[PDB]
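Take this structure first; my questions come after.
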Protein chains: 4
Amino acid sequence: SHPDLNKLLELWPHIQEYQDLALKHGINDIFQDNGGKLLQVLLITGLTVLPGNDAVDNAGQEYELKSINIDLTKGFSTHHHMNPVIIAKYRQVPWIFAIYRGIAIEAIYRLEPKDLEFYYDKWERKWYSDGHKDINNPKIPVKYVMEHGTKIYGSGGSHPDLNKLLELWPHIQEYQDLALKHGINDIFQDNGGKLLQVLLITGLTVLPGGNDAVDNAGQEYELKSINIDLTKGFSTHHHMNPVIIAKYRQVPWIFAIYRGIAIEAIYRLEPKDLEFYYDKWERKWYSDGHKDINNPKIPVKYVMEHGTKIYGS
Amino acid sequence: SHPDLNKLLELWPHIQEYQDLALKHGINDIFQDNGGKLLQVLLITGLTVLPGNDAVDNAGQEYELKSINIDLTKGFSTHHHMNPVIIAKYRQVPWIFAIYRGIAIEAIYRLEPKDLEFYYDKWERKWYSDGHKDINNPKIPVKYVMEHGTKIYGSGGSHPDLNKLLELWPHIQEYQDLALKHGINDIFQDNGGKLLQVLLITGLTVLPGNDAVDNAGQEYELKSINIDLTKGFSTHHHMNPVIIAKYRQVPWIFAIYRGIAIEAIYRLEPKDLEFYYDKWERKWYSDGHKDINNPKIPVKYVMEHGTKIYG
Amino acid sequence: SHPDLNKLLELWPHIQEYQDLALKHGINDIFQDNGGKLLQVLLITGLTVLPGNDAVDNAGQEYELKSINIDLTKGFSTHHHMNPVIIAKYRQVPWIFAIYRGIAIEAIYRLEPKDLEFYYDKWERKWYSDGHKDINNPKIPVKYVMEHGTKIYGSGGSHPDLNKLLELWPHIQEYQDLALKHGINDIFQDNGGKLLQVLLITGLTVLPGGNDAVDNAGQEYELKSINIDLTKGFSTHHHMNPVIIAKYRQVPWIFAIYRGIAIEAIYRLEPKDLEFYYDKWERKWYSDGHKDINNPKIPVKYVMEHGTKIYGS
Amino acid sequence: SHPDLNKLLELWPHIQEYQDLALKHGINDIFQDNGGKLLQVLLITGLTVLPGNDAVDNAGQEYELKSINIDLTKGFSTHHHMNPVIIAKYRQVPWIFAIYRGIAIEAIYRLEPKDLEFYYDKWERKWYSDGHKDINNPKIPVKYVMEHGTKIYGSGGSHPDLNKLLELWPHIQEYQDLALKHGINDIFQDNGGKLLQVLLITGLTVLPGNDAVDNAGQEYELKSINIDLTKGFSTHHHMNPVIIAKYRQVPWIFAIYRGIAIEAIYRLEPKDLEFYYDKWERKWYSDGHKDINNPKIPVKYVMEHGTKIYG
């Protein structure tokens, strides 16, 4: 019947084991904030993640941890509001840089505070050059980290759970391939592993970015989601206005409710069911002097009261 | 979209809790031997299943517990090989009769030692006269239990767990409806609950000759085992060269169960089973034209030569 | 404060893991019916236990399984009601004999139906010699099994869970030592691993067999237990009479309620709280013509209604 | 017999469910930062904790959430380094005040944006006049919240989970009483709930100078860490040669926590810590007669040189 959904179900228990392992190690969601990726790093390095600094080893030393997906960028980001209070903090600890390729760890580099000074100087000298102005997310090149860092290998310092991660790895690999077959680049970012569940359940195909998804018949949709244990309102648009609304009003919306890494429920609302929001938002736009609205929310209770449940109990 | 498989996925956490609930009450498998049914009678009556007497209450009285499905029969099966020695055990305990309709308990009756005296003594007369022979599966009628029995209702004597049961019931009902739609009569019998997972995964539907059919009209034999219990799939209790000739025409689907969940599905084509067909078909002739009593297909043969459909 | 109770708590999670592993493998209670011992055997041999025959291998062959604790006996028991319907059953399958030393597996022997024929013959020839009489639990000597059997070693046929059992083994070992320090010979027979919990909780010392246990002050007790999920009545005595009652009536009774391998609750009833039973049982003895009663029960509900809870919620 | 440790063992499965219940509601540790308390206010109010606004309801309104323990104080701590820029965030949201007494919620009040205007503007006047300086931890009085606030009661707006909470409460109460008896004021603060497991295992009782004492009169320092958070035990925020001289006289007990459960207990004698005493005591003199701000004892030092009491 549905071979891709069958595959998910058959891979699921191991996704759940991987989630369990991430939780044990201080990572709340594998399918969000590089959760499934950070776990590899923590297990290889022997590090304890901090919920100030990002991690601590068993000797009590603390670290800054930065990471990139080489498939997308070559610069490690830093701090959006770069100041000398930030910089003096930075000079106190070694840094761990992680280089992922897709969902896989490709390299880990350690830099001591002296190997980074070149950036602390050019950052605080140009803070003053421009007079008391905070820098916006300045980059440290991967090339620089590779040149001055000491690369870290799996070793005697790695956590015993590294072998449990290794045993799970092949199923995670295949799950990621499944996501990619369905247009999701990374199961461990942007709720990728959850979204895949939504697409397999609904039969929706994502639209490369227009609207978010399309069914077999050619009908298109806006597709929104929340982690219900974290929030009770669905996001819409950071620059809400009449133009965004005229696009929205032409399609049904799909609303996915995740709890943990699992899909709890899916609802569908037709354009007529959202007219209350379009109207609310247009008047607000005008009332404020033709001013864009910053991500106004649709409450899950509204969605549950007016929508049709396509999945859940 | 596959809306029936989706339905099972949404129902599953509840099916699991039901199963968890039954194992807490001494029931290993809700989907075999009326487990999901008996769970209702234990919770209604406040009874606990015993590991020769069937059940016990918190006050010590020990009971014999029989049951039937009204949809299919009117008689309460008793014992295949009963003697007049048995009847003295049968006689020191009130019996508890459960009458189910489909998956739901319809009525519960408690008859006392005094009320079965008509039947023991009819079978004790049966043994003597016919010539010291065993009465195969006698049947107490429902009308006899209804008439002489004391009906049991939900009450203060019911297990507090009955509340959890009632909250899970809507889901069990909906799961049962899904079964029915796919040609399975009873989730709580013959691995009914598991077979459905099989059908929704394979895209098969049970046939009212061959066991199942897909959308294209193609038909299949379908065998299953509970791996903790058996290692070889079964075939036919009276296998004859004509049964084999039907076997040869269709692919087989083999389901491996582990508890209430489907662990693996394998498909074999007619050529992968030729070795067995040929061996049984000849053996029949050799032994002297006599039917073969359920020869087995090893699970390892299926894993070695089949194509895995789910695992 | 209480170092032996502290030890239990510290060993417990692993007793629970061992229990989990036994359950996964078809053994309901590690602390009963050689549960923790049978598990070793199943894992070494690669066998699936049957709830007819005792076990099955992955090829479908079935077996009879017998076992002894060498510390106690040298004969494998068989069938209390030995008949030719029993014997012809026996001739159909190989037998696995297990030889334990305490809680540890010491040897495993396999015998084919021809290696046992000597016993099938001397059993059915003496069935008839005595005319249609069923034999009572005839013995096969360990010496005979060792001579004609083929000894089984850990091998490529063993279950992967054997290594998980090995990892747990040292904590099971120490738990057994703890039981022995408290007068319990075997944690895997006669609810030994549960009883140890009761003794650590109550501070009771068992009395070698008089009464069952004694406290520090010198007060003695009858000590009864049940697995509540299996039964609702406490056992008393297989040959109940006025003599057994006069002994009982002089001490308080301790009543342990196990659920699974854990202690759910402990109650205490004074002699005055059991007088209803003594009286009930004496009259019954006389009423029946001075006839011993076969294990009459005290209901757990009675115990809960009239006793003092020393442990539980 | 050890009747207090027994009591903890009987209570434990319930303490665990409570903790399971709090983590389901976004609370990581019931025994730290009033977790077991906040759980009550979230369930009472139907609120969900947010990962700058403290909480949200199912309808989207977002709130700021403050609280106090009436037993210890009358003022609602506000912010250590508040500016007049903050106050614009502070001003678009109704606040929710929780007043606890010991471990129980005594009253909940909801003040609206309009009702805090007296205080923002008093602090906005505080910043200007004194000379552009930060007001450390101002305090809104309880009388001010009681008087101008709208009290919140259990209702239809409460989480269905509140029912589970109420059924666990008798056990949490009894556990709290056990804590109190052993010198711990609050199970839901400062690892209160975990420290008790420590005391019952070691046979120690908290002192009203030294941290704890056994039956013999012997006293101990007692340090603990949550291993997922810290790897070095702490000492004294203003360590002086006289603090060290008290340290030298007693053995130390070191507790390693993992979630709500005690993972290990180690004891060190005064000779195993000499190395640290000597190094801090000198360092003090070297640096120029200045107090040491909480030097740490590594967990590995404790495991290498201590005697393990529980693990």
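Quick one: which residues, 5 or more positions from A:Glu106 or on another chain, have an amide H under 5 Å from its amide H? H modelled 1.01 Å from N in the peptide plane, none for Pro or chain starts.
A:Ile99, A:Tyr100, A:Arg101
With a 10 Å radius around each residue's Cβ, average the other Cβ atoms per peptide and rank A:144-152, D:21-29, highest first.
D:21-29, A:144-152
Ok, one more. Taking region D:104-197, which trypsin sites (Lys or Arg not before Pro) meet the DSSP loop condition and have no more than 12 other C-beta atoms within 10 Å?
D:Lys133
Additional query: Using each residue's phi in region A:264-281, evaluate 6.51 cos²θ - 1.76 cosθ + 1.60 at θ = phi - 60° and report the 3J(HN,Hα) Karplus result to the nearest Hz, with x for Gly and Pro.
Using θ = phi - 60°, the values come out as 8, 6, 10, 10, 10, 10, 7, x, 4, 6, 10, 4, 4, 6, 3, 3, 4, 6 Hz.
Kindly flag which residue pairs out of A:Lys114/D:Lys231; C:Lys297/D:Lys181; B:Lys122/B:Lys290 have an alpha-carbon separation exceeding 30 Å in this structure.
Those over the limit are C:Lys297/D:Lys181; B:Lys122/B:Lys290.
Ignoring everything except DSSP H segments at least 4 long, calculate the 222 nm mean residue ellipticity for the protein assembly as shown; use -39,500 (n - 2.57) per segment, divide by total residues, nearest 500.
Here the helix-only value at 222 nm equals -12500 deg cm²/dmol.
Too long at a 31 Å Cα-Cα cut-off: which of D:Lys74/D:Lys194; B:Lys24/B:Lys89; A:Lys139/D:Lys223; B:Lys223/C:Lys232; A:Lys164/C:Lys7?
Correct reply: A:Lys139/D:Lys223; B:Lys223/C:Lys232.
May I pose another question? Is the C-alpha gyration tensor of chain D telling us rounded, prolate or oblate? Criteria: a/c under 1.5 is rounded; beyond that, a/b larger than b/c is prolate, otherwise oblate.
Note, shape of chain D comes out oblate.
Now, a different point. Through the Karplus equation 6.51 cos²θ - 1.76 cosθ + 1.60, θ set to phi - 60°, convert the phi angles of region B:160-177 into ³J(HN,Hα) values in whole Hz; use x for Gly and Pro.
x, 4, 4, 5, 4, 3, 5, 6, 8, 4, x, 6, 4, 4, 4, 5, 4, 4
Per residue of region C:68-82, in order, report the coupling 6.51 cos²θ - 1.76 cosθ + 1.60 (Karplus, θ = phi - 60°) as ³J(HN,Hα) in whole Hz, putting x for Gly and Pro.
Listing the rounded values in order: 9, 9, 3, 6, 10, 7, 10, x, 8, 6, 9, 9, 5, 10, 4 Hz.
On to the next question. Can you bin chain A into rounded, prolate or oblate? Criterion: square roots of the alpha carbon gyration tensor eigenvalues sorted a ≥ b ≥ c, rounded for a/c under 1.5, prolate for a/b above b/c, oblate for the rest.
Since a/c reaches 1.5 but b/c is at least a/b, the shape of chain A is classed as oblate.
What whole-number distance in Å separates the alpha-carbon centres of region D:210-268 and region D:1-32?
Measuring centre to centre over Cα atoms gives 23 Å.
Considering amide H positions built from the backbone, and no H for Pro or chain starts, which residues 5 or more places from A:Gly233, or on another chain, come under 5 Å of its amide H?
Answer set, sorted by chain and number: A:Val300.
Could you sort C:31-39, A:131-139, A:305-313 so that the peptide with the highest average Cβ count within 10 Å comes first and the rest follow in order?
C:31-39, A:305-313, A:131-139
Would you tell me the mean number of C-beta atoms belonging to other protein chains that fall within 10 Å of each C-beta in D:2-8, as a whole number?
What the average comes to for D:2-8 is 5.
With 30 Å as the limit, write out which pairs from A:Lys309/C:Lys24; A:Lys66/A:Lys133; B:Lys300/C:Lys66; A:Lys194/B:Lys271 have Cα-Cα distances beyond it, or answer none.
A:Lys309/C:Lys24; A:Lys194/B:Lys271
Take the alpha-carbon centre of region D:134-176, take the same for region A:126-188, and report the distance between them in whole Å.
Spelled out, the Cα-based centre of one part sits 42 Å from the other.
Let me ask you something else. Return the average number of partner chain Cβ atoms within 10 angstrom of each residue Cβ along peptide B:128-136.
Across the residues of B:128-136, the mean count of other-chain Cβ atoms within 10 Å is 0.
Read-outs: derived from the displayed coordinates by stated rules, not from any lab. Don't worry about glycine lacking a Cβ; one is built from the backbone with ideal geometry, like all the others, and counts go over all protein chains shown.
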